[PDB]
């Protein structure tokens, strides 16, 4: 099982595994009228985004029906670079003009539901480095092989601190059946539109874990598969942000578990100097505000 795993392998809930034998052509044939959107959330990702798009471009009008970059207020060259590589770029405003924007990653993913039309939506972060072209096929695989899977999470080898110290231990504590999930915070995952538009979306960095727990709570572990992506490189998230990320993962998880979170942000005390003679006090915002199911806003 986890003693012999090759990129593409699928772990189902009942501890059973599957090693896919389809070609991308064969996968495309298995769509059976269903459509697939790929969504790349992006915020100031000009160095890496073209490369990510390039790894997926070759599928467009084949396995992948549409490829969308959801631009979350970039001020660098993210937009023009994405267009040049052949992706459709949609801003937060364009995705859903009739709702004011809130900050954070979750907002962008939620808005991408309104911008996309695929019966299946695959999310891929636009800060991946050298992403394997099979990422998307591997993620859609368990969805097209009809066995009641609605959400496909990925796992991978880092060529993790908030995952290993915050998300996974808090899941053991509060949703222990989800202890089998190797990468609960991972930005590479696929789900059915029917699932995605039926659940609230957590704000900021709470989005991935929010979706995992909501899916589990509503459909059980059987609706969730995990796919080995193998080695996955990406850009380093800055170390300063990790406390804020942890705080938001906690807020989201507590809220899903029915535990009142204070809504008070993390105050970090940053030493001004090596002697620890003064500290700068930096309070990061945290949000308890989900977005409602997209079916409540822009229903199909």
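Positions refer to the first chain, counted from 1. So that the term is clear: the rigid core is the largest set of C-alpha atoms that superpose within 1.5 Å between two forms.
Which of 273-281 and 287-295 strays further in 4 other deposited structures of this protein - Cα RMS after rigid core alignment
Looking at 287-295 and 273-281 in 4 other deposited structures of this protein, the bigger mover is 273-281.
Comparing 236-244 with 25-33, which has C-alphas lying farther from the shown form in 4 other deposited structures of this protein once the core is aligned?
Looking at 25-33 and 236-244 in 4 other deposited structures of this protein, the bigger mover is 236-244.
Please count the deposited residues lying between residue 159 and residue 160 that the model leaves without coordinates, and give the class: none, 1 to 3, 4 to 9, or 10 or more.
The entry leaves 10 or more residues without coordinates here.
Could you check the entry and say whether 65-73 or 239-247 has the higher mean CA B-factor?
It is 65-73.
Should the higher mean CA B-factor in the entry be assigned to 213-221 or to 111-119?
Mean B over CA atoms: larger for 111-119.
Just the C-alpha B-factor column, please: which of 141, 179, 146, 184 has the biggest number?
When the deposited C-alpha B-factors of 141, 179, 146, 184 are compared, 146 is largest.
Select one of 267, 252, 55, 262: the residue whose C-alpha shows the highest B-factor in the crystal structure entry.
That would be 55.
Comparing against every modelled residue in the chain, figure out the third that the C-alpha B-factor of residue 150 lands in (lowest, middle or highest).
Lowest third, going by the recorded CA B-factors of the chain.
Give the position of residue 286 by CA B-factor within its chain, expressed as the lowest, middle or highest third.
Lowest third, going by the recorded CA B-factors of the chain.
Residue 276: which third of its chain by C-alpha temperature factor?
For residue 276, whose C-alpha B-factor we compare with every modelled residue in the chain, the answer is the middle third.
Assigned third (lowest, middle, highest) for the C-alpha B factor of residue 94
As the PDB entry reports it, the C-alpha B-factor of residue 94 lands in the middle third of its chain.
Which third of the chain does residue 126 land in by C-alpha B-factor: lowest, middle or highest?
Within its chain, residue 126 is a highest-third residue by C-alpha B-factor, going by the deposited values.
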